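Let's start with one chain on its own, the form deposited without its partner chain, as structure tokens.
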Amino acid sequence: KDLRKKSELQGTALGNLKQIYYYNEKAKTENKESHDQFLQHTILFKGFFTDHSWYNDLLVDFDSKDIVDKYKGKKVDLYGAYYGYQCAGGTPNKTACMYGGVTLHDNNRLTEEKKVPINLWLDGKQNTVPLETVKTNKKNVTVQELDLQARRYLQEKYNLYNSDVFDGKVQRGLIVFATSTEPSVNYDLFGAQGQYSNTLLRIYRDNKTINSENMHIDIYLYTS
């Protein structure tokens, strides 16, 4: 208990979360490099997009200058949710923003696609979840990549970010990313801050990375 209640979220926020985890498209590219910055806690990827009608460039925000230095210049893979609202730094009017979602490319490939085990409870009762639901090709994966996939299943299966009206029964929820080599990382499914992207997605800014090898996800849902 002590997770945020769905009712504590204001108007637009709920809709924007559903926009984020169900409707919007995600960025996903392999082998990209750049030493281009805007602000010292950022890395600017010019020409990131090449078939997207609106956007051209991509500005990734990080926690600090230190973290930037780690990927700056290196060959990286990108996987995350981006937005255009209140976003600038690159090609004027054609830049998209994104928090984290960057891992080092070289030596992070897995011979085979890893399917991440999901244990799910609804008011205590266990519910079986298909294994192809969440998967990755990285030894080291950002929590964001796994998180985006898991919440999409939660939307489809449980109408998670829908209004009570449109069959949204879950009122409180918690997602846990468990690993043995380290302490777990868990998110209050209803704890995002703010109403729009730029603020809601700020949770992936730490660019948290966990090892996919022998790891699973725990989800707890409550209709009250």
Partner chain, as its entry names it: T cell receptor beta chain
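Positions refer to the first chain, counted from 1.
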Mean Cα B-factor check, 173 to 181 vs 46 to 54, entry values; winner is 46 to 54
Per the PDB record, is the mean Cα temperature factor higher over 7 to 15 or over 202 to 210?
7 to 15
For the listed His105, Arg152, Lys115, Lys139, which has the peak Cα B-factor recorded in the PDB entry?
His105
Say you rank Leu120, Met98, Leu78, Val134 by Cα B-factor from the PDB entry; which sits at the top?
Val134
Split the chain's modelled residues into thirds by Cα B-factor; is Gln126 in the lowest, middle or highest one?
middle
Name the third of the chain's ranked CA B-factors that contains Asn31, choosing lowest, middle or highest.
middle
Considering only modelled residues of the same chain, in which third does the CA B-factor of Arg109 rank: lowest, middle or highest?
highest
Can you work out whether the C-alpha temperature factor of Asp164 puts it in the lowest, middle or highest third of the chain?
highest
Would you please rank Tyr83 by its C-alpha temperature factor against the other modelled residues of its chain and give the third it falls in: lowest, middle or highest?
lowest
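Another form exists, solved in complex with its partner chain; not displayed. Remarks below refer to it.
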Going by heavy atoms within 4.5 Å, which of 64 to 72, 169 to 177, 43 to 51, 189 to 197 lines up against its partner chain in the bound PDB entry?
189 to 197
Against its partner chain in the bound PDB entry, would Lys18 count as a contact residue? Criterion: heavy atoms within 4.5 Å.
yes
Could you confirm whether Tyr153 comes within 4.5 Å of its partner chain in the bound PDB entry, counting heavy atoms only?
no
Taking heavy atoms only, is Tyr55 within 4.5 angstroms of its partner chain in the bound PDB entry?
yes
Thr12: touches its partner chain in the bound PDB entry, heavy atom cutoff 4.5 angstroms
yes
